[PDB]
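Student: Shown below is the structure under consideration.
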Amino acid sequence: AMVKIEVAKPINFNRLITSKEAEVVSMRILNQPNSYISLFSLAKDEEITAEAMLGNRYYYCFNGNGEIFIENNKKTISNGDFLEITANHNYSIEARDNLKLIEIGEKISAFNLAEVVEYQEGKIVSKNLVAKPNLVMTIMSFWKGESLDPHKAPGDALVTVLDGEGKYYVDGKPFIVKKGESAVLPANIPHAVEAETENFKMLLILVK
């Protein structure tokens, strides 16, 4: 209802959501009163159009290539890219091939996300992208051997591994999330993470 996929488990969104010719497929995966996370798969040459939205929209592309026209301005989007679209803007999104997107929305130029944080030896580097009362998005790099101790968040977090692989724990239970996979760390339950076997990067989307 609020989390529509299994928690504390690695999931490959590329496999979870697919479209055949001429289809647009969508799925809500987290839903709260004033923010949500959805997935889209657009078949080649299909489009989604959005009228002047009451809140901001953010997109992370995990497959394919496309074009976004925001009030008549072509931005290109590709696998690995992140894009913010501010409130009160008409836009359309066109798929040039099979375009898959995570859409993060508040209800009321594209760049490569992994490249925004560097690895640093023995360190965790964190860069906050959005920080709002219903939505927090942060990108992090972990050098092998670095970890976060168990902690809780007041919302459900979706983590997606952008590079390498990470070892996550939810309420003491371990699971590996590999590059291209995601997992939900549920609200009010302790979780932790460790760069156990190699360096990794992740995007964290917390909906509160």
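Ligands are numbered from 1 in the order shown, chains are lettered A, B, ... in the order of the structure tokens, and residues start at 1 in each chain.
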Using only C-alpha atoms, find each residue in region 145-187 of chain A having at least one atom no more than 12 Å away from region 16-37 of chain A; report its shortest atom-to-atom pair and that distance in Å (one decimal), rows by chain then rising number, as a tab-separated table.
Tutor:
```
residue	atom	partner	partner_atom	distance
A:155	CA	A:32	CA	9.4
A:156	CA	A:30	CA	8.0
A:157	CA	A:30	CA	9.1
A:158	CA	A:30	CA	8.6
A:159	CA	A:37	CA	11.8
A:180	CA	A:16	CA	11.6
A:181	CA	A:16	CA	10.3
A:182	CA	A:16	CA	10.8
A:183	CA	A:29	CA	10.9
A:184	CA	A:30	CA	9.2
A:185	CA	A:30	CA	11.5
A:186	CA	A:30	CA	10.6
A:187	CA	A:30	CA	11.7
```
Student: Find the spatial neighbours of residue 164 (chain A), counting only C-alpha atoms, within a cut-off of 12 Å - ignore same-chain residues fewer than 2 positions away - and output them as JSON, numbers by chain.
Tutor: {"A": [114, 119, 141, 142, 143, 144, 160, 161, 162, 166, 167, 176, 177, 178, 179, 180, 181, 194, 195, 196, 197, 198, 199, 200, 201, 202]}
Student: How would the residues just chosen look if you wrote them out with N, CA and C atoms as a PDB file, in the first residue's frame?
Tutor:
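Dumped to out_39.pdb:
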```
ATOM      1  N   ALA A 114      26.835   8.840 -10.815  1.00  0.00           N
ATOM      2  CA  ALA A 114      27.989   8.164 -10.217  1.00  0.00           C
ATOM      3  C   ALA A 114      29.242   9.062 -10.248  1.00  0.00           C
ATOM      4  N   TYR A 119      35.433   8.208  -5.406  1.00  0.00           N
ATOM      5  CA  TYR A 119      36.075   7.419  -4.361  1.00  0.00           C
ATOM      6  C   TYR A 119      37.278   8.151  -3.692  1.00  0.00           C
ATOM      7  N   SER A 141      29.758   7.604  -1.935  1.00  0.00           N
ATOM      8  CA  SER A 141      30.799   6.625  -2.291  1.00  0.00           C
ATOM      9  C   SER A 141      31.407   6.057  -1.014  1.00  0.00           C
ATOM     10  N   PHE A 142      31.667   4.749  -1.024  1.00  0.00           N
ATOM     11  CA  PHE A 142      32.212   4.044   0.137  1.00  0.00           C
ATOM     12  C   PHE A 142      33.493   3.357  -0.372  1.00  0.00           C
ATOM     13  N   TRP A 143      34.615   3.623   0.280  1.00  0.00           N
ATOM     14  CA  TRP A 143      35.803   2.831   0.042  1.00  0.00           C
ATOM     15  C   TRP A 143      35.630   1.496   0.762  1.00  0.00           C
ATOM     16  N   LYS A 144      36.146   0.438   0.163  1.00  0.00           N
ATOM     17  CA  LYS A 144      36.126  -0.896   0.772  1.00  0.00           C
ATOM     18  C   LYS A 144      36.553  -0.861   2.227  1.00  0.00           C
ATOM     19  N   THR A 160      19.845   2.426  -4.348  1.00  0.00           N
ATOM     20  CA  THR A 160      20.234   1.855  -5.630  1.00  0.00           C
ATOM     21  C   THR A 160      21.757   1.927  -5.764  1.00  0.00           C
ATOM     22  N   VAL A 161      22.378   0.801  -6.126  1.00  0.00           N
ATOM     23  CA  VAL A 161      23.803   0.752  -6.197  1.00  0.00           C
ATOM     24  C   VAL A 161      24.201   1.137  -7.590  1.00  0.00           C
ATOM     25  N   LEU A 162      25.049   2.174  -7.682  1.00  0.00           N
ATOM     26  CA  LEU A 162      25.468   2.739  -8.964  1.00  0.00           C
ATOM     27  C   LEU A 162      26.772   2.162  -9.508  1.00  0.00           C
ATOM     28  N   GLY A 166      27.393  -3.462  -2.584  1.00  0.00           N
ATOM     29  CA  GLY A 166      27.359  -3.128  -1.166  1.00  0.00           C
ATOM     30  C   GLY A 166      26.651  -4.166  -0.350  1.00  0.00           C
ATOM     31  N   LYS A 167      27.051  -4.276   0.902  1.00  0.00           N
ATOM     32  CA  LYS A 167      26.440  -5.223   1.806  1.00  0.00           C
ATOM     33  C   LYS A 167      25.557  -4.477   2.773  1.00  0.00           C
ATOM     34  N   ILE A 176      23.405  -8.577  -0.165  1.00  0.00           N
ATOM     35  CA  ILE A 176      24.244  -7.853  -1.058  1.00  0.00           C
ATOM     36  C   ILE A 176      23.353  -7.200  -2.095  1.00  0.00           C
ATOM     37  N   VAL A 177      23.629  -5.939  -2.385  1.00  0.00           N
ATOM     38  CA  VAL A 177      22.999  -5.211  -3.487  1.00  0.00           C
ATOM     39  C   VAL A 177      24.097  -4.860  -4.490  1.00  0.00           C
ATOM     40  N   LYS A 178      23.979  -5.412  -5.695  1.00  0.00           N
ATOM     41  CA  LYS A 178      24.952  -5.240  -6.729  1.00  0.00           C
ATOM     42  C   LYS A 178      24.639  -4.067  -7.615  1.00  0.00           C
ATOM     43  N   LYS A 179      25.607  -3.686  -8.438  1.00  0.00           N
ATOM     44  CA  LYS A 179      25.392  -2.562  -9.347  1.00  0.00           C
ATOM     45  C   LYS A 179      24.137  -2.841 -10.186  1.00  0.00           C
ATOM     46  N   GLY A 180      23.255  -1.848 -10.307  1.00  0.00           N
ATOM     47  CA  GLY A 180      22.007  -1.994 -11.054  1.00  0.00           C
ATOM     48  C   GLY A 180      20.867  -2.519 -10.200  1.00  0.00           C
ATOM     49  N   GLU A 181      21.127  -2.909  -8.961  1.00  0.00           N
ATOM     50  CA  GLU A 181      20.047  -3.400  -8.083  1.00  0.00           C
ATOM     51  C   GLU A 181      19.691  -2.357  -7.059  1.00  0.00           C
ATOM     52  N   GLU A 194      27.892  -1.683   4.555  1.00  0.00           N
ATOM     53  CA  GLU A 194      29.301  -1.889   4.608  1.00  0.00           C
ATOM     54  C   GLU A 194      29.809  -2.141   3.200  1.00  0.00           C
ATOM     55  N   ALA A 195      30.940  -1.531   2.858  1.00  0.00           N
ATOM     56  CA  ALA A 195      31.664  -1.882   1.632  1.00  0.00           C
ATOM     57  C   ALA A 195      32.518  -3.110   1.942  1.00  0.00           C
ATOM     58  N   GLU A 196      31.914  -4.277   1.868  1.00  0.00           N
ATOM     59  CA  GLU A 196      32.538  -5.481   2.396  1.00  0.00           C
ATOM     60  C   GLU A 196      33.651  -6.034   1.488  1.00  0.00           C
ATOM     61  N   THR A 197      33.391  -6.216   0.208  1.00  0.00           N
ATOM     62  CA  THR A 197      34.327  -6.856  -0.717  1.00  0.00           C
ATOM     63  C   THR A 197      34.937  -5.854  -1.712  1.00  0.00           C
ATOM     64  N   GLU A 198      34.337  -4.679  -1.889  1.00  0.00           N
ATOM     65  CA  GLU A 198      34.924  -3.711  -2.818  1.00  0.00           C
ATOM     66  C   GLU A 198      34.303  -2.331  -2.638  1.00  0.00           C
ATOM     67  N   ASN A 199      34.858  -1.345  -3.315  1.00  0.00           N
ATOM     68  CA  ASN A 199      34.299  -0.005  -3.277  1.00  0.00           C
ATOM     69  C   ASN A 199      32.910   0.016  -3.898  1.00  0.00           C
ATOM     70  N   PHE A 200      32.010   0.850  -3.389  1.00  0.00           N
ATOM     71  CA  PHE A 200      30.715   0.993  -4.043  1.00  0.00           C
ATOM     72  C   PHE A 200      30.169   2.403  -3.952  1.00  0.00           C
ATOM     73  N   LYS A 201      29.232   2.708  -4.836  1.00  0.00           N
ATOM     74  CA  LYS A 201      28.481   3.960  -4.771  1.00  0.00           C
ATOM     75  C   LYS A 201      26.977   3.645  -4.763  1.00  0.00           C
ATOM     76  N   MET A 202      26.224   4.491  -4.078  1.00  0.00           N
ATOM     77  CA  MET A 202      24.797   4.376  -4.037  1.00  0.00           C
ATOM     78  C   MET A 202      24.083   5.720  -4.039  1.00  0.00           C
TER      79      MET A 202
END
```
Student: Write out as an NGL selection string which residues come within 8 Å of region 48-63 of chain A when counting only C-alpha atoms, dropping same-chain ones fewer than 6 positions away.
Tutor: :A and (14 or 24 or 77-94 or 98-108 or 180)
Student: Of the candidates A:128, A:76, A:188, A:41, which one gets nearest to residue 110 (chain A) if we count only C-alpha atoms?
Tutor: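 Closest residue, counting only C-alpha atoms: A:76.
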Student: Using only C-alpha atoms, find the one residue out of A:71, A:149, A:45, A:118 that sits nearest to residue 170 (chain A).
Tutor: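 Among the listed residues, the smallest separation from residue 170 (chain A) belongs to A:149.
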Student: From the set A:96, A:2, A:204, A:192, which residue has the shortest atom-to-atom contact distance to residue 127 (chain A), counting only C-alpha atoms?
Tutor: A:204
Student: Mind the document's chain letters and residue numbers, and return as a PyMOL selection string the residues of region 4-169 of chain A that DSSP labels alpha helix (DSSP H).
Tutor: chain A and resi 13-16
Student: Enter the distance from CA of residue 193 (chain A) to CA of residue 136 (chain A), in Å, rounded to one decimal.
Tutor: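 Interatomic distance here is 17.9 Å.
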Student: I need the residue nearest residue 172 (chain A) from this list: A:153, A:1, A:129, A:8. Use only C-alpha atoms for the distance.
Tutor: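 When distances to residue 172 (chain A) are compared using only C-alpha atoms, the smallest one comes from A:8.
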Student: Quick one: residues within 10 Å of residue 75 (chain A), only C-alpha atoms counted, chain neighbours fewer than 3 positions away excluded, as a list in words?
Tutor: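 Once the adjacent positions are removed, what remains is residues 66, 67, 68, 69, 70, 72, 83, 93, 109 and 110 of chain A.
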Student: Measuring atom to atom with only C-alpha atoms, identify which of A:42, A:117, A:207, A:135 is nearest to residue 3 (chain A).
Tutor: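 Using only C-alpha atoms, the shortest distance to residue 3 (chain A) belongs to A:207.
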Student: Tell me which of A:44, A:111, A:206, A:145 sits closest to residue 123 (chain A), counting only C-alpha atoms.
Tutor: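 Closest candidate: A:145.
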Student: Could you give me the residues within region 81-207 of chain A that DSSP places in strand (DSSP E), as an NGL selection string?
Tutor: :A and (81-85 or 91-95 or 99-106 or 111-112 or 124-132 or 135-142 or 147-151 or 156-170 or 173-178 or 181-185 or 191-194 or 200-207)
Student: Could the residues in this selection be written to a file with C-alpha atoms, as a PDB file, in the first residue's frame?
Tutor:
```
ATOM      1  CA  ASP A  81      21.769  10.197 -15.644  1.00  0.00           C
ATOM      2  CA  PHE A  82      19.811  12.232 -13.125  1.00  0.00           C
ATOM      3  CA  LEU A  83      17.528  15.142 -13.970  1.00  0.00           C
ATOM      4  CA  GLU A  84      15.422  17.561 -11.897  1.00  0.00           C
ATOM      5  CA  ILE A  85      12.305  19.222 -13.338  1.00  0.00           C
ATOM      6  CA  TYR A  91       7.291  18.662 -20.236  1.00  0.00           C
ATOM      7  CA  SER A  92       7.338  15.560 -22.343  1.00  0.00           C
ATOM      8  CA  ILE A  93       9.721  12.561 -22.271  1.00  0.00           C
ATOM      9  CA  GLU A  94      10.435  10.653 -25.513  1.00  0.00           C
ATOM     10  CA  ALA A  95      12.105   7.275 -25.664  1.00  0.00           C
ATOM     11  CA  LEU A  99      13.954   4.075 -21.812  1.00  0.00           C
ATOM     12  CA  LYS A 100      13.551   3.161 -18.169  1.00  0.00           C
ATOM     13  CA  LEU A 101      13.248   5.739 -15.417  1.00  0.00           C
ATOM     14  CA  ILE A 102      12.834   6.036 -11.707  1.00  0.00           C
ATOM     15  CA  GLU A 103      10.486   8.995 -11.126  1.00  0.00           C
ATOM     16  CA  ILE A 104      10.568  10.664  -7.693  1.00  0.00           C
ATOM     17  CA  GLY A 105       7.907  13.226  -7.073  1.00  0.00           C
ATOM     18  CA  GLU A 106       6.698  15.710  -4.470  1.00  0.00           C
ATOM     19  CA  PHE A 111      24.139  14.625 -15.458  1.00  0.00           C
ATOM     20  CA  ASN A 112      25.824  11.296 -14.660  1.00  0.00           C
ATOM     21  CA  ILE A 124      32.740   7.781   2.726  1.00  0.00           C
ATOM     22  CA  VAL A 125      31.944  10.822   0.553  1.00  0.00           C
ATOM     23  CA  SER A 126      28.346  12.000   0.675  1.00  0.00           C
ATOM     24  CA  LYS A 127      26.674  14.713  -1.473  1.00  0.00           C
ATOM     25  CA  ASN A 128      23.131  15.694  -0.719  1.00  0.00           C
ATOM     26  CA  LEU A 129      21.025  16.325  -3.839  1.00  0.00           C
ATOM     27  CA  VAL A 130      17.660  17.240  -2.252  1.00  0.00           C
ATOM     28  CA  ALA A 131      16.768  17.893   1.392  1.00  0.00           C
ATOM     29  CA  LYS A 132      13.061  18.633   2.133  1.00  0.00           C
ATOM     30  CA  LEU A 135      12.072  13.894   0.522  1.00  0.00           C
ATOM     31  CA  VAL A 136      15.832  13.456   0.902  1.00  0.00           C
ATOM     32  CA  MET A 137      18.143  12.286  -1.883  1.00  0.00           C
ATOM     33  CA  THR A 138      21.814  11.709  -1.387  1.00  0.00           C
ATOM     34  CA  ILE A 139      24.629  10.105  -3.341  1.00  0.00           C
ATOM     35  CA  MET A 140      27.510   8.357  -1.526  1.00  0.00           C
ATOM     36  CA  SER A 141      30.799   6.625  -2.291  1.00  0.00           C
ATOM     37  CA  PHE A 142      32.212   4.044   0.137  1.00  0.00           C
ATOM     38  CA  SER A 147      30.581   1.158   6.972  1.00  0.00           C
ATOM     39  CA  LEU A 148      27.671   2.871   8.624  1.00  0.00           C
ATOM     40  CA  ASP A 149      26.647   1.518  12.030  1.00  0.00           C
ATOM     41  CA  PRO A 150      23.017   0.466  12.580  1.00  0.00           C
ATOM     42  CA  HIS A 151      20.588   3.400  12.529  1.00  0.00           C
ATOM     43  CA  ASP A 156      11.290   4.248   3.907  1.00  0.00           C
ATOM     44  CA  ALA A 157      14.517   4.456   1.967  1.00  0.00           C
ATOM     45  CA  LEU A 158      15.154   3.120  -1.482  1.00  0.00           C
ATOM     46  CA  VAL A 159      18.855   2.496  -2.153  1.00  0.00           C
ATOM     47  CA  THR A 160      20.234   1.855  -5.630  1.00  0.00           C
ATOM     48  CA  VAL A 161      23.803   0.752  -6.197  1.00  0.00           C
ATOM     49  CA  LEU A 162      25.468   2.739  -8.964  1.00  0.00           C
ATOM     50  CA  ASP A 163      28.905   1.069  -8.988  1.00  0.00           C
ATOM     51  CA  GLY A 164      30.403  -1.983  -7.306  1.00  0.00           C
ATOM     52  CA  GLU A 165      28.367  -3.783  -4.709  1.00  0.00           C
ATOM     53  CA  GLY A 166      27.359  -3.128  -1.166  1.00  0.00           C
ATOM     54  CA  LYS A 167      26.440  -5.223   1.806  1.00  0.00           C
ATOM     55  CA  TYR A 168      23.316  -4.008   3.550  1.00  0.00           C
ATOM     56  CA  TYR A 169      21.735  -5.052   6.797  1.00  0.00           C
ATOM     57  CA  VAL A 170      18.143  -4.631   7.926  1.00  0.00           C
ATOM     58  CA  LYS A 173      19.875  -9.466   8.341  1.00  0.00           C
ATOM     59  CA  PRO A 174      22.588  -9.166   5.563  1.00  0.00           C
ATOM     60  CA  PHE A 175      22.136  -9.002   1.800  1.00  0.00           C
ATOM     61  CA  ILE A 176      24.244  -7.853  -1.058  1.00  0.00           C
ATOM     62  CA  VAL A 177      22.999  -5.211  -3.487  1.00  0.00           C
ATOM     63  CA  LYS A 178      24.952  -5.240  -6.729  1.00  0.00           C
ATOM     64  CA  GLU A 181      20.047  -3.400  -8.083  1.00  0.00           C
ATOM     65  CA  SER A 182      17.970  -1.642  -5.492  1.00  0.00           C
ATOM     66  CA  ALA A 183      16.440  -2.349  -2.106  1.00  0.00           C
ATOM     67  CA  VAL A 184      14.029  -0.820   0.359  1.00  0.00           C
ATOM     68  CA  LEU A 185      15.188  -0.169   3.923  1.00  0.00           C
ATOM     69  CA  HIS A 191      19.717  -0.727   9.006  1.00  0.00           C
ATOM     70  CA  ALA A 192      23.445  -0.573   8.224  1.00  0.00           C
ATOM     71  CA  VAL A 193      25.767  -0.832   5.238  1.00  0.00           C
ATOM     72  CA  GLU A 194      29.301  -1.889   4.608  1.00  0.00           C
ATOM     73  CA  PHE A 200      30.715   0.993  -4.043  1.00  0.00           C
ATOM     74  CA  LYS A 201      28.481   3.960  -4.771  1.00  0.00           C
ATOM     75  CA  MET A 202      24.797   4.376  -4.037  1.00  0.00           C
ATOM     76  CA  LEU A 203      21.903   6.736  -4.391  1.00  0.00           C
ATOM     77  CA  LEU A 204      19.592   7.018  -1.376  1.00  0.00           C
ATOM     78  CA  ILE A 205      16.015   8.222  -1.766  1.00  0.00           C
ATOM     79  CA  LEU A 206      14.234   8.678   1.540  1.00  0.00           C
ATOM     80  CA  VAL A 207      10.488   9.420   1.469  1.00  0.00           C
TER      81      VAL A 207
END
```
